[PDB]
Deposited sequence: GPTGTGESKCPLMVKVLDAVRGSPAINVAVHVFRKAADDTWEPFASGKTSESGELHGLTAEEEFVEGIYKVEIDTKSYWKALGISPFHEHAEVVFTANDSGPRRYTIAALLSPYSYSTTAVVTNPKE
């Protein structure tokens, strides 16, 4: 038999992030688990998958990508649970 037990006896105030997966057995994607606890911050996709036969003949492409500007990412305890703690963001 297959028995999976997680956190059966929890008495006092834990701060938990639980992810349990149990198994039993142009772009192709099948039978997967992706990004259970995923945090994407300032992630840029410019040209992902244009198509079949793009810019086939006599293509004059001027691709200019400029990501240069005042951006502030102030994060306290990302993906970090806590208890009996003090988290503060002061500006």
Per the record, the structure omits deposited positions 1 to 10, 36 to 57, 124 to 127
